[PDB]
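Okay, so here's the structure we're looking at.
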Amino acid sequence: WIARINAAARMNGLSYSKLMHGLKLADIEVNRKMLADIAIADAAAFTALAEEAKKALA
Amino acid sequence: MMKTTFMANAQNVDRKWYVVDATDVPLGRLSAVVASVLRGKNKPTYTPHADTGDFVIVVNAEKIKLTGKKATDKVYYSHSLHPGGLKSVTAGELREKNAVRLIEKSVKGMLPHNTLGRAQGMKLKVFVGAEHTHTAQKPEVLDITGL
Amino acid sequence: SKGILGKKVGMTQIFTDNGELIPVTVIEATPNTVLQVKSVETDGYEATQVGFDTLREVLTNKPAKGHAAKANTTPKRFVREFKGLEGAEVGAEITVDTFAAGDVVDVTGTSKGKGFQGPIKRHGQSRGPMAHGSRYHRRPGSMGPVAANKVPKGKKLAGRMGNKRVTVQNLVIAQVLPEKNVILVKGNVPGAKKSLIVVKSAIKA
Amino acid sequence: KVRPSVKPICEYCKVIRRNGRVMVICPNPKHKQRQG
Amino acid sequence: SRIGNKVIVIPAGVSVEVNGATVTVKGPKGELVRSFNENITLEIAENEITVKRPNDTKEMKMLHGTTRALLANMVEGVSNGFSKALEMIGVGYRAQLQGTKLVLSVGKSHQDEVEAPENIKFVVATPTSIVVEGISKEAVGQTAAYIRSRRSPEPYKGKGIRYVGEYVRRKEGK
RNA sequence: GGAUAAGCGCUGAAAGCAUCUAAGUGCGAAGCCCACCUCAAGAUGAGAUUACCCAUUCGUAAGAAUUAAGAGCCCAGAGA
RNA sequence: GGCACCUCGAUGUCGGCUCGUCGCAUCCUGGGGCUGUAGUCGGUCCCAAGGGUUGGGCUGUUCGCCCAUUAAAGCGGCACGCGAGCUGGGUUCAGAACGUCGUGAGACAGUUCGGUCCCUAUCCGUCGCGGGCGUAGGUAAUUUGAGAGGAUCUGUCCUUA
């Protein structure tokens with residue numbers, strides 16, 4: 001779960017620790033492993049929730 | 001409930017090719033991330049039996065940014081099974097001759113030591129001063145940094 | 001550079017000059033049958049895979065008459081190599097009278113096949129004592145130190161023996177008294193009965 | 001020559017860490033103090 | 001220090017290429033070339049040289065002060081070109097000229113020679129008194145070291161090749 | 001041969017000197033490695049070269065069965 | 001020496017024969033320094049384990065001694081190397097004897113004679129020769145060489161003089 005999601009996060013150049021850190025910074029979602037399950041075909045869910053984390057670190 | 005996992009790769013694998021080089025790049029910092037790509041660990045599709053073994057290409061492999069006097073005190077070893085089997089390839093030596101196992105033995109130290117690790121680890125693509133060969137397929141140059 | 005394509009007929013002794021009884025030997029000195037040069041480009045080495053011994057129809061093969069393909073004519077039996085070359089023709093070349101590596105000849109043979117032997121018989125350790133109420137004689141000795149639960153390799157202990165080619169150095173004959181069909185050599189030239197004795201020279205010289 | 005505890009012997013001597021070895025430079029062939 | 005702060009004049013048109021070790025010096029020997037420091041912090045000035053420092057620790061300033069001495073050795077090395085002291089003291093230790101790889105005669109069952117790759121400019125004044133010429137002090141001193149490398153002097157009487165000072169401390173016996 | 005250990009070098013730098021060293025350059029051993037000989041592509045990366053057969057019949061999907069080039073059985077004997 | 005932690009439903013413990021291997025605190029051969037070394041011969045240490053490191057007499061036994069030697073006559077480790085390889089001179093049966101001790105039964109490593117050492121290789125490991133497959137055709141010859149081994153020693157005399 002976490003390995004493939006830091007694989008796609010690292011494909012966006014993002015590291016798991018600051019991503020998750022942006023997830024605690026982030027919304028009501030602290031949802032973990034379904035958020036790992038978006039490894040299939042989710043630039044919208046994956047990179048957009050990544051942008052939610054970008055406005056959570058921001 | 002039960003099968004929320006997904007391999008999505010364990011038959012339908014990918015095959016991609018990467019010229020990866022810097023003429024002088026340090027050995028460890030190149031080595032573990034080219035290890036990561038030869039896993040395909042950076043690819044978002046990991047399976048413990050993924051076989052995302054990347055075509056990890058290196059050319060022009062003359063130099064490590066060699067910190068300290070490592071070309072004088074790196075010295076390697078080996079042991080033939082004949083008793084008293086010390087045979088040592090040493091530090092700066094055979095770098096200038098054949099800097100191949102100067103890399104991929106250390107990437108054997110990188111890899112998961114198993115049949116898949118020896119699969120892609122024994123599917124490296126290694127050139128030391130070259131413009132390599134067989135660009136019939138499509139190669140792509142990967143990064144510079146240690147990321 | 002040494003077309004020494006040939007066998008011996010045996011081992012003798014003759015006085016040659018100012019008397020000097022010398023253990024003397026010979027090679028049959030059949031005409032050399034050397035193929036093309038086969039330079040470094042197609043194959044990184046230099047040598048010639050020289051053909052020899054002139055078969056009849058039976059002992060051949062379509063890669064043997066088919067070696068008279070990429071040769072020109074006359075399929076042969078034996079093929080060796082010689083690095084150090086002159087080169088004349090693709091298939092068959094010039095005979096015994098030229099010598100171009102040295103007269104301390106470092107002669108190469110394929111030793112007499114004496115078979116499986118005793119432990120001493122060529123491994124040369126001490127045979128055990130006979131007398132004085134001890135069972136131990138004709139058995140080579142212990143080999144494993146106790147600190148490992150192993151035995152080492154490397155120590156010669158037995159072995160079916162004899163078909164082992166040897167390249168002995170500096171066999172001593174001068175510029176050979178030739179013939180159409182002789183080569184004088186000296187004494188215990190290695191090999192066996194009906195064994196080809198081809199030889200390059202001066203590798204320690 | 002060899003003594004690991006190098007202390008000065010002749011006046012106007014020199015103490016070197018040549019190649020990481022503390023050798024001794026004097027004008028006399030008698031004492032030429034090897035570090036060890 | 002008190003070297004790199006000071007200046008080295010470059011008279012007679014030394015013709016330096018400022019690129020790298022490409023620094024070439026000009027004299028009666030002509031246009032020769034030795035080295036640079038590494039490639040950097042070498043401000044080759046004009047009519048003199050004022051090589052700057054990037055920092056003043058013993059790696060930083062001190063090792064281009066090294067090359068103030070080295071390009072100094074190019075300047076005054078090419079200015080004439082010279083040699084060291086060399087005299088073959090011995091009761092039969094004679095030396096003569098055989099072309100340019102010339103004869104030095106200890107008395108061994110081999111015969112001794114001198115070879116220089118680019119600069120002998122040479123004279124045997126006599127089998128006692130010899131001198132060579134080179135341009136680099138390094139080439140000179142390693143060359144005269146090669147002269148030392150076939151017969152050394154003694155602690156007992158005059159042998160080997162002379163350098164004007166050795167403080168011989170000649171031992172005795174009997 | 002080359003890299004050298006130890007040791008001995010030139011120039012040199014804090015330290016204007018000095019200084020075999022810090023860069024930079026040498027010399028230097030039965031050590032090491034290559035070179036001398038042998039085993040050696042099951043060296044799975046399984047090499048590279050030389051030649052030959054070629055590209056068959058059966059729905060052949062699957063295969064099956066010929067058969068080339070051969071290779072072998074079988075026999076004789078030993079240089080083994 | 002000490003230690004009692006495995007070994008009492010078995011860890012056979014001397015010495016030797018055979019067969020070795022490594023270590024270096026290097027015995028010789030290699031280089032180099034210093035010398036209270038004129039050399040010759042020496043002392044001395046630094047780097048060095050490539051190779052080699054004698055044969056007999058006596059001592060069951062180590063150590064040690066003698067002879068004659070060479071390049072030298074190294075030191076150790078390895079179940080004081082190795083008994084499913086071996087011997088059995090040594091305690092380590094029972095005998096018998098002495099000396100000495102104990103009334104005695106016996107004892108005291110104090111001596112000495114004699115004294116009872118099996119294994120038909122299953123695995124791993126060794127040595128040598130094979131089959132089955134592979135090396136995107138079946139073959140048949142050729143070799144390169146990734147790698148692995150072997151081997152390395154040493155006088156003597158003359159010249160230089």
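Here's how to read the names in the structure tokens: chain A, B, ... by the order shown, residue numbers from 1 in each chain, ligand numbers from 1 in the order shown.
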Original post:
Leaving out residue 52 (chain F) and any residue of its chain fewer than 5 positions from it, which residues lie within 7 Å of it when counting only C-alpha atoms (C1' of nucleotides), given as a count of residues only?
Top reply: 4
**OP:** Compute the chain G side of the contact with chain E at 10 Å, counting only C-alpha atoms (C1' of nucleotides), and hand it back as a ChimeraX atom specification.
**Re:** /G:37-38,160
Take the residues just selected and output them with C-alpha atoms (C1' of nucleotides) as a PDB file, in the first residue's frame.
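Final output, selection-v3.pdb:
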```pdb
ATOM      1  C1'   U G  37      80.430  -1.516   9.547  1.00  0.00           C
ATOM      2  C1'   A G  38      88.273   0.138   5.557  1.00  0.00           C
ATOM      3  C1'   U G 160      85.303  -8.556 -13.795  1.00  0.00           C
TER       4        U G 160
END
```
Subject >> Near-residue 97 (chain C) list (10 Å; only C-alpha atoms (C1' of nucleotides); drop same-chain fewer than 4 positions) as a ChimeraX atom specification >> reply: /C:2-4,29,31,176-180,183
Selection file, N, CA, C and O atoms, as a PDB file, in the first residue's frame:
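What ended up in out16.pdb:
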```
ATOM      1  N   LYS C   2      55.096 -23.061 -37.695  1.00  0.00           N
ATOM      2  CA  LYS C   2      55.778 -24.348 -37.537  1.00  0.00           C
ATOM      3  C   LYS C   2      54.817 -25.420 -38.035  1.00  0.00           C
ATOM      4  O   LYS C   2      54.007 -25.940 -37.265  1.00  0.00           O
ATOM      5  N   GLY C   3      54.927 -25.772 -39.308  1.00  0.00           N
ATOM      6  CA  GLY C   3      54.048 -26.810 -39.796  1.00  0.00           C
ATOM      7  C   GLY C   3      54.671 -28.144 -39.465  1.00  0.00           C
ATOM      8  O   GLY C   3      55.488 -28.671 -40.221  1.00  0.00           O
ATOM      9  N   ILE C   4      54.281 -28.705 -38.328  1.00  0.00           N
ATOM     10  CA  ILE C   4      54.957 -29.885 -37.814  1.00  0.00           C
ATOM     11  C   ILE C   4      53.899 -30.974 -37.822  1.00  0.00           C
ATOM     12  O   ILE C   4      53.774 -31.773 -36.888  1.00  0.00           O
ATOM     13  N   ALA C  29      56.976 -36.217 -41.041  1.00  0.00           N
ATOM     14  CA  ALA C  29      57.229 -35.099 -41.962  1.00  0.00           C
ATOM     15  C   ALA C  29      56.370 -35.181 -43.225  1.00  0.00           C
ATOM     16  O   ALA C  29      56.862 -35.070 -44.349  1.00  0.00           O
ATOM     17  N   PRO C  31      53.701 -33.624 -45.836  1.00  0.00           N
ATOM     18  CA  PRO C  31      53.470 -32.245 -46.295  1.00  0.00           C
ATOM     19  C   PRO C  31      52.368 -31.509 -45.543  1.00  0.00           C
ATOM     20  O   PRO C  31      51.319 -32.073 -45.224  1.00  0.00           O
ATOM     21  N   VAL C 176      67.363 -29.425 -38.088  1.00  0.00           N
ATOM     22  CA  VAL C 176      67.064 -30.835 -38.337  1.00  0.00           C
ATOM     23  C   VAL C 176      67.671 -31.296 -39.653  1.00  0.00           C
ATOM     24  O   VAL C 176      67.597 -30.586 -40.660  1.00  0.00           O
ATOM     25  N   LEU C 177      68.311 -32.468 -39.635  1.00  0.00           N
ATOM     26  CA  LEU C 177      68.578 -33.184 -40.874  1.00  0.00           C
ATOM     27  C   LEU C 177      67.255 -33.549 -41.529  1.00  0.00           C
ATOM     28  O   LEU C 177      66.538 -34.422 -41.024  1.00  0.00           O
ATOM     29  N   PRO C 178      66.901 -32.928 -42.644  1.00  0.00           N
ATOM     30  CA  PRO C 178      65.567 -33.135 -43.191  1.00  0.00           C
ATOM     31  C   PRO C 178      65.522 -34.377 -44.054  1.00  0.00           C
ATOM     32  O   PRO C 178      66.491 -35.131 -44.165  1.00  0.00           O
ATOM     33  N   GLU C 179      64.368 -34.565 -44.672  1.00  0.00           N
ATOM     34  CA  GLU C 179      64.142 -35.578 -45.686  1.00  0.00           C
ATOM     35  C   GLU C 179      62.907 -35.095 -46.419  1.00  0.00           C
ATOM     36  O   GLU C 179      62.388 -34.015 -46.130  1.00  0.00           O
ATOM     37  N   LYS C 180      62.427 -35.891 -47.367  1.00  0.00           N
ATOM     38  CA  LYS C 180      61.029 -35.760 -47.736  1.00  0.00           C
ATOM     39  C   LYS C 180      60.141 -36.141 -46.556  1.00  0.00           C
ATOM     40  O   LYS C 180      59.058 -35.575 -46.374  1.00  0.00           O
ATOM     41  N   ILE C 183      61.780 -35.976 -39.501  1.00  0.00           N
ATOM     42  CA  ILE C 183      62.163 -34.874 -38.626  1.00  0.00           C
ATOM     43  C   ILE C 183      62.918 -35.465 -37.447  1.00  0.00           C
ATOM     44  O   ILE C 183      62.330 -36.189 -36.635  1.00  0.00           O
TER      45      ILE C 183
END
```
**OP:** Give me the residues within 10 Å of residue 16 (chain B) as an NGL selection string, counting only C-alpha atoms (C1' of nucleotides) and dropping any in the same chain fewer than 4 places off.
**Re:** :B and (52-56 or 137-140)
Residues of the last selection are to be written out with C-alpha atoms, as a compact mmCIF listing (two decimals), in the first residue's frame.
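File produced: selection.txt:
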```
# COMPACT_ATOMS: atom_id res chain seq x y z
CA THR B 52 9.11 -4.89 -13.63
CA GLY B 53 12.76 -5.45 -14.40
CA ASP B 54 13.80 -2.32 -16.20
CA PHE B 55 16.21 -2.23 -19.11
CA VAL B 56 18.69 -0.28 -17.02
CA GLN B 137 14.58 -0.30 -29.65
CA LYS B 138 13.83 2.99 -27.94
CA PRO B 139 16.07 4.03 -25.04
CA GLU B 140 15.34 6.95 -22.68
```
**OP:** Compile the residues of chain B that lie within 10 Å of chain A, evaluated using only C-alpha atoms, and express the compilation as a ChimeraX atom specification.
**Re:** /B:4-6,8,40-47,147
Dump N, CA, C and O atoms for the selected residues as a PDB file, in the first residue's frame?
```pdb
ATOM      1  N   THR B   4      -9.557  -6.757  -2.163  1.00  0.00           N
ATOM      2  CA  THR B   4      -9.305  -5.348  -2.428  1.00  0.00           C
ATOM      3  C   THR B   4      -7.882  -5.097  -2.909  1.00  0.00           C
ATOM      4  O   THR B   4      -7.584  -3.999  -3.390  1.00  0.00           O
ATOM      5  N   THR B   5      -6.992  -6.081  -2.795  1.00  0.00           N
ATOM      6  CA  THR B   5      -5.680  -5.940  -3.395  1.00  0.00           C
ATOM      7  C   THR B   5      -5.770  -5.990  -4.912  1.00  0.00           C
ATOM      8  O   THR B   5      -6.805  -6.309  -5.501  1.00  0.00           O
ATOM      9  N   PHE B   6      -4.639  -5.689  -5.541  1.00  0.00           N
ATOM     10  CA  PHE B   6      -4.498  -5.800  -6.984  1.00  0.00           C
ATOM     11  C   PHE B   6      -3.019  -5.859  -7.316  1.00  0.00           C
ATOM     12  O   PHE B   6      -2.224  -5.077  -6.787  1.00  0.00           O
ATOM     13  N   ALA B   8      -2.190  -6.220 -10.924  1.00  0.00           N
ATOM     14  CA  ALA B   8      -2.347  -5.547 -12.220  1.00  0.00           C
ATOM     15  C   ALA B   8      -1.107  -5.649 -13.104  1.00  0.00           C
ATOM     16  O   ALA B   8      -1.014  -4.969 -14.127  1.00  0.00           O
ATOM     17  N   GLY B  40      11.864  -1.595 -10.631  1.00  0.00           N
ATOM     18  CA  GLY B  40      10.595  -0.991 -10.946  1.00  0.00           C
ATOM     19  C   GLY B  40       9.890  -0.527  -9.705  1.00  0.00           C
ATOM     20  O   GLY B  40       8.670  -0.338  -9.727  1.00  0.00           O
ATOM     21  N   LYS B  41      10.635  -0.369  -8.607  1.00  0.00           N
ATOM     22  CA  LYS B  41      10.068   0.127  -7.363  1.00  0.00           C
ATOM     23  C   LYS B  41       9.527   1.537  -7.527  1.00  0.00           C
ATOM     24  O   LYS B  41       8.513   1.887  -6.918  1.00  0.00           O
ATOM     25  N   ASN B  42      10.145   2.334  -8.389  1.00  0.00           N
ATOM     26  CA  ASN B  42       9.615   3.660  -8.645  1.00  0.00           C
ATOM     27  C   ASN B  42       8.342   3.609  -9.475  1.00  0.00           C
ATOM     28  O   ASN B  42       7.501   4.503  -9.359  1.00  0.00           O
ATOM     29  N   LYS B  43       8.181   2.577 -10.296  1.00  0.00           N
ATOM     30  CA  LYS B  43       6.940   2.408 -11.034  1.00  0.00           C
ATOM     31  C   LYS B  43       5.813   2.079 -10.059  1.00  0.00           C
ATOM     32  O   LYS B  43       6.013   1.297  -9.124  1.00  0.00           O
ATOM     33  N   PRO B  44       4.620   2.633 -10.249  1.00  0.00           N
ATOM     34  CA  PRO B  44       3.548   2.521  -9.251  1.00  0.00           C
ATOM     35  C   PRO B  44       2.763   1.220  -9.341  1.00  0.00           C
ATOM     36  O   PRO B  44       1.530   1.208  -9.297  1.00  0.00           O
ATOM     37  N   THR B  45       3.472   0.112  -9.484  1.00  0.00           N
ATOM     38  CA  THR B  45       2.808  -1.134  -9.818  1.00  0.00           C
ATOM     39  C   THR B  45       3.435  -2.328  -9.116  1.00  0.00           C
ATOM     40  O   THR B  45       3.476  -3.423  -9.689  1.00  0.00           O
ATOM     41  N   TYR B  46       3.934  -2.146  -7.898  1.00  0.00           N
ATOM     42  CA  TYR B  46       4.781  -3.161  -7.295  1.00  0.00           C
ATOM     43  C   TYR B  46       3.997  -4.409  -6.906  1.00  0.00           C
ATOM     44  O   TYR B  46       2.844  -4.353  -6.479  1.00  0.00           O
ATOM     45  N   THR B  47       4.652  -5.549  -7.084  1.00  0.00           N
ATOM     46  CA  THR B  47       4.235  -6.845  -6.657  1.00  0.00           C
ATOM     47  C   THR B  47       5.546  -7.485  -6.232  1.00  0.00           C
ATOM     48  O   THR B  47       6.579  -7.202  -6.847  1.00  0.00           O
ATOM     49  N   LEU B 147      18.018  12.195  -6.074  1.00  0.00           N
ATOM     50  CA  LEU B 147      16.599  12.378  -5.761  1.00  0.00           C
ATOM     51  C   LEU B 147      16.331  12.631  -4.277  1.00  0.00           C
ATOM     52  O   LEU B 147      16.067  11.705  -3.510  1.00  0.00           O
TER      53      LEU B 147
END
```
**OP:** Identify, on the basis of only C-alpha atoms (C1' of nucleotides), every residue whose closest approach to residue 55 (chain A) does not exceed 12 Å; exclude the query and any residue fewer than 3 positions from it along the same chain; express the result as a list in words.
**Re:** residues 19, 21, 22, 23, 24, 25, 26, 27, 48, 49, 50, 51, 52 and 58 of chain A
Using only C-alpha atoms (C1' of nucleotides), which chain D residues lie at most 12 Å away from chain G, written as a PDB file with N, CA, C and O atoms, in the first residue's frame?
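The resulting file, result-v2.pdb, is reproduced below:
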```
ATOM      1  N   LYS D   1      66.702   3.194  15.384  1.00  0.00           N
ATOM      2  CA  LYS D   1      65.909   4.173  14.660  1.00  0.00           C
ATOM      3  C   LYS D   1      64.476   4.188  15.147  1.00  0.00           C
ATOM      4  O   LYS D   1      63.951   5.228  15.532  1.00  0.00           O
ATOM      5  N   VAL D   2      63.860   3.012  15.124  1.00  0.00           N
ATOM      6  CA  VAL D   2      62.435   2.875  15.393  1.00  0.00           C
ATOM      7  C   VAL D   2      62.172   3.128  16.868  1.00  0.00           C
ATOM      8  O   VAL D   2      62.748   2.466  17.736  1.00  0.00           O
ATOM      9  N   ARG D   3      61.304   4.083  17.147  1.00  0.00           N
ATOM     10  CA  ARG D   3      60.724   4.295  18.462  1.00  0.00           C
ATOM     11  C   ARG D   3      59.413   5.029  18.260  1.00  0.00           C
ATOM     12  O   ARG D   3      59.397   6.108  17.653  1.00  0.00           O
ATOM     13  N   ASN D  28      72.237  14.266  10.886  1.00  0.00           N
ATOM     14  CA  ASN D  28      73.253  13.293  11.239  1.00  0.00           C
ATOM     15  C   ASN D  28      72.826  11.888  10.849  1.00  0.00           C
ATOM     16  O   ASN D  28      71.729  11.449  11.205  1.00  0.00           O
ATOM     17  N   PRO D  29      73.691  11.151  10.146  1.00  0.00           N
ATOM     18  CA  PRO D  29      73.321   9.801   9.705  1.00  0.00           C
ATOM     19  C   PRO D  29      73.253   8.815  10.838  1.00  0.00           C
ATOM     20  O   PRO D  29      72.677   7.736  10.664  1.00  0.00           O
ATOM     21  N   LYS D  30      73.848   9.152  11.977  1.00  0.00           N
ATOM     22  CA  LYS D  30      73.790   8.343  13.177  1.00  0.00           C
ATOM     23  C   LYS D  30      72.355   8.208  13.647  1.00  0.00           C
ATOM     24  O   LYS D  30      71.825   7.097  13.703  1.00  0.00           O
ATOM     25  N   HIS D  31      71.704   9.320  13.963  1.00  0.00           N
ATOM     26  CA  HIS D  31      70.329   9.251  14.428  1.00  0.00           C
ATOM     27  C   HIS D  31      69.394   9.686  13.309  1.00  0.00           C
ATOM     28  O   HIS D  31      69.466  10.814  12.813  1.00  0.00           O
ATOM     29  N   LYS D  32      68.558   8.755  12.871  1.00  0.00           N
ATOM     30  CA  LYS D  32      67.557   9.001  11.836  1.00  0.00           C
ATOM     31  C   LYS D  32      66.326   8.224  12.298  1.00  0.00           C
ATOM     32  O   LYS D  32      66.131   7.064  11.935  1.00  0.00           O
ATOM     33  N   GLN D  33      65.493   8.889  13.086  1.00  0.00           N
ATOM     34  CA  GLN D  33      64.603   8.190  14.004  1.00  0.00           C
ATOM     35  C   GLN D  33      63.357   7.708  13.272  1.00  0.00           C
ATOM     36  O   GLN D  33      62.452   8.495  12.974  1.00  0.00           O
ATOM     37  N   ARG D  34      63.312   6.408  12.997  1.00  0.00           N
ATOM     38  CA  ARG D  34      62.163   5.793  12.354  1.00  0.00           C
ATOM     39  C   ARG D  34      61.032   5.620  13.355  1.00  0.00           C
ATOM     40  O   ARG D  34      61.237   5.101  14.456  1.00  0.00           O
ATOM     41  N   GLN D  35      59.836   6.055  12.959  1.00  0.00           N
ATOM     42  CA  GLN D  35      58.665   6.091  13.830  1.00  0.00           C
ATOM     43  C   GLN D  35      58.221   4.719  14.320  1.00  0.00           C
ATOM     44  O   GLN D  35      58.271   4.437  15.519  1.00  0.00           O
ATOM     45  N   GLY D  36      57.801   3.856  13.408  1.00  0.00           N
ATOM     46  CA  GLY D  36      57.240   2.576  13.795  1.00  0.00           C
ATOM     47  C   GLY D  36      55.911   2.654  14.534  1.00  0.00           C
ATOM     48  O   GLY D  36      55.224   3.677  14.517  1.00  0.00           O
TER      49      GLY D  36
END
```
Within 10 Å of chain G, which residues of chain C come that close, and what is the closest atom pair and distance in Å for each? Count only C-alpha atoms (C1' of nucleotides) and give it as JSON lines.
```
{"residue": "C:43", "atom": "CA", "partner": "G:144", "partner_atom": "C1'", "distance": 7.2}
{"residue": "C:44", "atom": "CA", "partner": "G:144", "partner_atom": "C1'", "distance": 6.5}
{"residue": "C:45", "atom": "CA", "partner": "G:144", "partner_atom": "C1'", "distance": 6.1}
{"residue": "C:46", "atom": "CA", "partner": "G:144", "partner_atom": "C1'", "distance": 9.5}
{"residue": "C:47", "atom": "CA", "partner": "G:143", "partner_atom": "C1'", "distance": 8.7}
{"residue": "C:48", "atom": "CA", "partner": "G:143", "partner_atom": "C1'", "distance": 9.4}
{"residue": "C:49", "atom": "CA", "partner": "G:142", "partner_atom": "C1'", "distance": 6.6}
{"residue": "C:50", "atom": "CA", "partner": "G:142", "partner_atom": "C1'", "distance": 9.7}
{"residue": "C:61", "atom": "CA", "partner": "G:140", "partner_atom": "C1'", "distance": 7.8}
{"residue": "C:62", "atom": "CA", "partner": "G:140", "partner_atom": "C1'", "distance": 8.2}
{"residue": "C:63", "atom": "CA", "partner": "G:140", "partner_atom": "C1'", "distance": 5.8}
{"residue": "C:64", "atom": "CA", "partner": "G:141", "partner_atom": "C1'", "distance": 7.9}
{"residue": "C:66", "atom": "CA", "partner": "G:140", "partner_atom": "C1'", "distance": 9.4}
{"residue": "C:67", "atom": "CA", "partner": "G:141", "partner_atom": "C1'", "distance": 8.2}
{"residue": "C:78", "atom": "CA", "partner": "G:141", "partner_atom": "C1'", "distance": 9.8}
{"residue": "C:79", "atom": "CA", "partner": "G:142", "partner_atom": "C1'", "distance": 8.0}
{"residue": "C:80", "atom": "CA", "partner": "G:142", "partner_atom": "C1'", "distance": 8.5}
{"residue": "C:81", "atom": "CA", "partner": "G:143", "partner_atom": "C1'", "distance": 8.0}
{"residue": "C:116", "atom": "CA", "partner": "G:128", "partner_atom": "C1'", "distance": 8.1}
{"residue": "C:125", "atom": "CA", "partner": "G:19", "partner_atom": "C1'", "distance": 8.5}
{"residue": "C:126", "atom": "CA", "partner": "G:18", "partner_atom": "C1'", "distance": 7.4}
{"residue": "C:127", "atom": "CA", "partner": "G:18", "partner_atom": "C1'", "distance": 8.1}
{"residue": "C:128", "atom": "CA", "partner": "G:18", "partner_atom": "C1'", "distance": 6.5}
{"residue": "C:129", "atom": "CA", "partner": "G:17", "partner_atom": "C1'", "distance": 7.5}
{"residue": "C:132", "atom": "CA", "partner": "G:87", "partner_atom": "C1'", "distance": 8.1}
{"residue": "C:133", "atom": "CA", "partner": "G:87", "partner_atom": "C1'", "distance": 7.2}
{"residue": "C:134", "atom": "CA", "partner": "G:87", "partner_atom": "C1'", "distance": 5.5}
{"residue": "C:135", "atom": "CA", "partner": "G:86", "partner_atom": "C1'", "distance": 6.0}
{"residue": "C:136", "atom": "CA", "partner": "G:86", "partner_atom": "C1'", "distance": 4.8}
{"residue": "C:137", "atom": "CA", "partner": "G:86", "partner_atom": "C1'", "distance": 8.4}
{"residue": "C:138", "atom": "CA", "partner": "G:18", "partner_atom": "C1'", "distance": 9.9}
{"residue": "C:139", "atom": "CA", "partner": "G:85", "partner_atom": "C1'", "distance": 7.6}
{"residue": "C:140", "atom": "CA", "partner": "G:18", "partner_atom": "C1'", "distance": 6.6}
{"residue": "C:141", "atom": "CA", "partner": "G:19", "partner_atom": "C1'", "distance": 4.2}
{"residue": "C:142", "atom": "CA", "partner": "G:19", "partner_atom": "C1'", "distance": 4.8}
{"residue": "C:143", "atom": "CA", "partner": "G:19", "partner_atom": "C1'", "distance": 5.9}
{"residue": "C:144", "atom": "CA", "partner": "G:82", "partner_atom": "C1'", "distance": 7.1}
{"residue": "C:145", "atom": "CA", "partner": "G:81", "partner_atom": "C1'", "distance": 5.6}
{"residue": "C:146", "atom": "CA", "partner": "G:79", "partner_atom": "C1'", "distance": 6.5}
{"residue": "C:147", "atom": "CA", "partner": "G:78", "partner_atom": "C1'", "distance": 6.2}
{"residue": "C:148", "atom": "CA", "partner": "G:78", "partner_atom": "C1'", "distance": 9.1}
{"residue": "C:149", "atom": "CA", "partner": "G:125", "partner_atom": "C1'", "distance": 8.8}
{"residue": "C:150", "atom": "CA", "partner": "G:125", "partner_atom": "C1'", "distance": 6.2}
{"residue": "C:151", "atom": "CA", "partner": "G:125", "partner_atom": "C1'", "distance": 6.2}
{"residue": "C:152", "atom": "CA", "partner": "G:126", "partner_atom": "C1'", "distance": 7.5}
{"residue": "C:153", "atom": "CA", "partner": "G:126", "partner_atom": "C1'", "distance": 6.5}
{"residue": "C:154", "atom": "CA", "partner": "G:149", "partner_atom": "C1'", "distance": 8.2}
{"residue": "C:155", "atom": "CA", "partner": "G:20", "partner_atom": "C1'", "distance": 8.7}
{"residue": "C:156", "atom": "CA", "partner": "G:127", "partner_atom": "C1'", "distance": 7.3}
{"residue": "C:157", "atom": "CA", "partner": "G:127", "partner_atom": "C1'", "distance": 6.0}
{"residue": "C:158", "atom": "CA", "partner": "G:127", "partner_atom": "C1'", "distance": 5.2}
{"residue": "C:159", "atom": "CA", "partner": "G:128", "partner_atom": "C1'", "distance": 4.6}
{"residue": "C:160", "atom": "CA", "partner": "G:128", "partner_atom": "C1'", "distance": 5.2}
{"residue": "C:161", "atom": "CA", "partner": "G:128", "partner_atom": "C1'", "distance": 8.1}
```
**OP:** Compile the residues of chain F that lie within 10 Å of chain B, evaluated using only C-alpha atoms (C1' of nucleotides), and express the compilation as JSON, numbers by chain.
**Re:** {"F": [3, 32, 33, 45]}
**OP:** Excluding residue 9 (chain D) and any residue of its chain fewer than 2 positions from it, enumerate the residues within 9 Å of it, using only C-alpha atoms (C1' of nucleotides), and give them as an MDAnalysis selection string.
**Re:** chainID D and resid 6:7 11 13 26 31
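One finds CA of residue 27 (chain E) at 28.5 Å from CA of residue 98 (chain E).
What separates CA of residue 170 (chain E) from CA of residue 4 (chain D) is a distance of 29.3 Å.
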**OP:** Using only C-alpha atoms (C1' of nucleotides), determine which residues lie at most 12 Å from residue 18 (chain D), disregarding the query and same-chain residues fewer than 6 positions distant; provide the list as a ChimeraX atom specification.
**Re:** /D:24-25,34-35 /F:19-22
